[PDB]
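> this one's structure only:
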Ligand SMILES: Cc1nnc(CN(Cc2ccc(C#N)cc2)C(=O)CSc2ccccc2Cl)o1
Ligand SMILES: Cc1nnc(CN(Cc2ccc(C#N)cc2)C(=O)CSc2ccccc2Cl)o1
Ligand SMILES: Cc1nnc(CN(Cc2ccc(C#N)cc2)C(=O)CSc2ccccc2Cl)o1
């Protein structure tokens, strides 16, 4: 049996690496580029201009590279390497001219029926659990986990190693390591489980626990908090990752 | 390349207008009528008795015209966009509760339109919005992502629900609702300005909101107080009529 | 015509009863077993080791028998008789080694886009309404009704004849007959409506109303409540079902 199933439709403008697998009844549309070792399942719709990197797995009933719901404006979707895109996932392209294309990095897991809205940016090692929805212009940093049915408002930033509880509705920025829950989302604590899994030192975990309290439990303003964290951020690069996510928040921080 | 892809299944009783496009591996079932300029994507399941109007677009993995889990019908108007994975059930004809969708609607990815529901014109049902059944959505309503609507609920003209809202009661026209359970917050003044409502009409609607929600009046007292402004501004009469026709009470 | 559509793919290791119907563009994977009177719709993906019983109906765009997006461990899915699996439903296999296969009994209705996580167990006469998600290791007892978009945390037990309202987020065990609402889920009352439809005696309904008060409205600890329910449970099999569900609660009960 051929690597490209004879029941699949490959557009003559699509560029594929030699070992790409494409399952039956799948469409690889115009201007779709697919890298080495990628596996396209059956019943998949791929639309371009889209770049899919190496060693990716895209499951049935997914629509990857769709137009968002002027004529001829260049729009693009870039997906890196070692990603898993499960059944029914929808991923929209993003505008090129303004450097706001839809981008997905490496080693991500995008679970069933998740939605990635136009101009969203997903880093590396993220997990978007079933039916997570990024409205659009969402920035998800490395190792973030969004539990099932997490809804993210347009323009929100989800910090590195952050966590959302199931059914959370995020309206403001989530700082690095922070855990959020409910509709509307509220900050609860820090992802100490994720910190341990990543092999963080005891001094680094303690400095981060102290950092959370400075921001959320000591009644200080964002301006007051950032000034107090300066000393701790200089000694630990992980407290600096927390400090930078607060400093770069536009919609305010999830409290 | 033919308009009707040779890999699609078209039942002999289906009636398609000459320029209708059907993508590969789509099923156009028996008693399905499709009007001029409509585009059916690939992997679409269309079941009848269903009448689809002119210049519609139906995306992949949609199931339109499903039986509810006696002649039943589904009627879809003109210029609608039905995105990927949307599910639309038919409604009962004898009791005049067929499922109806008007014109210029945008029904986004994985939205669900339960049996006997009625959607007006220019409505937006964002991703995963779910109408349980017998839901009436009036013109220009916006239901944000993952809005859930209890059976028999009425969604007023130009109303708005925030993301993840769970609506159990009627939403009056223009009203903005948020959360689970849904709570009224304000009016959609932004929408009024886009529609070209006058400053005077907006002013009267803002006063009408206060009468219903911020002055401790009963529904009976509020309706009597709005009578004067409703005769003067047709937009206020839209707001008053939606409260008058509320069978499950109003969202507060 | 032909019971198996010529456009369907039937793996040579699949075992089917002679009258099994399979629609166009459906995949019946390796190690899939399908019983008498079952109808598989078009665009269905079935993956094994999976057993599907008699007189079942599986709708378009469903992925039944897939492996979880995180694990040579042999895993299985077993589905009983007279079930209806609506469009876009995802059902994952379990694990055999620790006796946690994913199992679904008889006369169940699994509505559009519902998710059945790995190692979950569904009894009989249950209804999972549109987009209900069982994260994994979830036990759903007989006649439970989970309203649209109900989210169920891993390891939660849903009691017999219980009911969740639309958009409920369940993080603790739901006792038998209990009605729960919101995110986080909160106990409200009992499903008396369901009892009456099931033909429960007025005496059994009266005893269950009293049982709810003992657990939830009289300031008793779970130890105290279980001691007070002992007498009623010995007399009413329906009260024993309620008592057993509180006894077997590992995550505490939904209050
Ligand atoms: C299974 C399981 N393992 N951990 C959890 C908790 N979790 C976060 C999480 C989930 C998966 C990975 C992984 N790889 C990591 C973290 C949730 O999102 C629960 S909700 C949910 C879960 C699954 C489907 C639908 C829903 Cl709604 O679930
Ligand atoms: C994109 C975008 N543009 N506006 C918004 C806000 N919006 C209303 C809205 C959304 C789209 C149109 C349109 N055509 C109009 C209004 C939401 O529904 C947010 S939630 C959400 C949003 C998108 C996907 C999934 C989810 Cl869950 O999102
Ligand atoms: C229709 C209808 N008939 N009863 C209800 C109430 N119901 C429970 C329920 C639903 C169906 C059966 C059945 N067979 C039994 C109980 C809900 O879940 C409402 S929410 C919902 C409902 C439908 C789609 C999306 C959503 Cl979100 O809806």
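That came through, no problem. Numbers count the residues shown, from 1 in each chain, chains lettered A, B, ... in the order given. Ligands and ions are numbered 1, 2, ... in the order given.
> can you list the residues of chain A near ligand 2?
For chain A, the residues in contact with ligand 2 (C-beta under 6 Å from any ligand atom) are A:69, A:115, A:117, A:133, A:135, A:136, A:151, A:154. In short, each C-beta sits where N, CA and C put it, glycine included.
> Neighbours of the nearest residue to residue A:17 once chain neighbours are set aside, how many?
Closest residue in space to residue A:17, ignoring its immediate chain neighbours: residue A:36 at 4.1 Å, by C-beta to C-beta, 6 or more residues apart in numbering or on different chains. For residue A:36, the tally of surrounding residues (other C-beta atoms under 10 Å in any protein chain shown) stands at 14.
> Also residue A:231?
Residues within reach of residue A:231, counting by other C-beta under 10 Å, total 9.
> cool, and residue A:72?
Residue A:72 - counted by other C-beta under 10 Å - has 5 other residues nearby.
> got it, and residue A:251?
Residue A:251: 14 neighbours (other C-beta under 10 Å).
> who's in contact with the residue of the stretch 151-255 of chain A found nearest ligand 2?
Residue nearest to ligand 2 within the stretch 151-255 of chain A: residue A:151 (4.6 Å; C-beta to the nearest ligand atom). Shown in contact with residue A:151 (C-beta atoms under 8 Å, 6 or more residues apart in numbering or on different chains): A:132, A:133, A:135, A:168, A:169, A:170, A:183, B:145, B:146, B:163, B:164.
> can you tell me the helix or strand for the residue of the stretch 101-250 of chain A found nearest ligand 1?
The nearest approach of the stretch 101-250 of chain A to ligand 1 comes at residue A:148, 2.3 Å away (C-beta to the nearest ligand atom). Applying DSSP states H and E as the criterion places residue A:148 outside every helix and strand.
> does it really touch residue A:131, like I thought?
Yes: the pair residue A:148 / residue A:131 is scored as a contact, 6.1 Å apart, by C-beta atoms under 8 Å.
> quick one: common contacting residues for those two?
Joint contacts of residue A:148 and residue A:131 (C-beta under 8 Å, 6+ apart) are residue C:133.
> which of the residues of chain A next to ligand 2 sit farthest apart?
A:69 and A:151 (16.9 Å; C-beta to C-beta).
> Show me where the stretch 101-250 of chain A has its strands.
Ranges of strands within the stretch 101-250 of chain A are A:102-104, A:109-110, A:115-116, A:121-122, A:127-128, A:133-134, A:139-140, A:145-146, A:151-152, A:157-158, A:163-164, A:169-170, A:178-181, A:186-190, based on DSSP state E, counting those that start in this stretch.
> Which neighbours in the sheet does the last one have, and how are they oriented?
This points to strand A:186-190. Strand A:186-190 has the following strand partners under DSSP bridges: strand A:178-181 (antiparallel).
> for the second one, same thing?
Paired strands of strand A:109-110, with direction, are strand A:84-85 (parallel), strand A:127-128 (parallel) (DSSP bridges).
> and if you look at the first one?
Partner strands for strand A:102-104, per DSSP bridges, with pairing direction: strand A:75-79 (parallel), strand A:121-122 (parallel).
> From the chain's centroid, how far away is the longest one?
Looking back up the chat, that one is strand A:75-79. 14 Å (C-alpha atoms, centre = their mean, to the nearest Å).
> any idea where the helices of chain A begin and end?
A:192-197, A:202-216, A:222-235, A:237-247 (DSSP state H).
> hey, which of these is tucked in deepest?
Per-stretch averages of neighbours, counted by mean count of other C-beta atoms under 10 Å in any protein chain shown, single out helix A:237-247 among the helices of chain A, with a mean of 19.
> So which elements touch it?
Secondary structure elements in contact with helix A:237-247, counted by 3 or more C-beta pairs under 8 Å, 6 or more residues apart in numbering or on different chains; DSSP states H and E, are helix A:202-216, helix A:222-235.
> for the last one, packing partners?
Helices and strands touching helix A:222-235, by 3+ C-beta pairs under 8 Å, 6+ apart, are helix A:202-216, helix A:237-247.
> Minimum distance to ligand 1: which of the strands paired with strand A:102-104 has it?
Of all the strands paired with strand A:102-104, strand A:121-122 sits nearest to ligand 1, with 15.2 Å by C-beta to the nearest ligand atom.
> outside of the closest one, which residues touch it?
Contacts for strand A:121-122 (C-beta under 8 Å, 6+ apart): A:102, A:103, A:104, A:105, A:108, A:110, A:116, A:128, A:138, A:139, A:140.
> Which pair in those has the greatest spatial separation?
A:110 and A:139 (15.6 Å).
> quick one, which of the two is more surrounded?
Set residue A:110 next to residue A:139 and count neighbours by other C-beta under 10 Å: residue A:110 wins out with 28 against 20.
> quick revisit: what separates the residue nearest to residue A:17 from ligand 1, distance-wise?
Counting by C-beta to the nearest ligand atom, to the nearest Å, the separation of residue A:36 from ligand 1 is 25 Å.
> now residue A:158, which residues is it bridged with?
residue A:140, residue A:174.
> residues touching it, list them.
Taking C-beta under 8 Å, 6+ apart as the test, what residue A:158 contacts is A:138, A:139, A:140, A:141, A:144, A:146, A:152, A:164, A:170, A:173, A:174.
> now do residue A:17
A:34, A:35, A:36, A:37, A:38, A:54.
> check contacts around the fourth one.
What it means is residue A:37. Residue A:37 neighbours (C-beta under 8 Å, 6+ apart): A:17, A:19, A:20, A:54, A:55, A:56.
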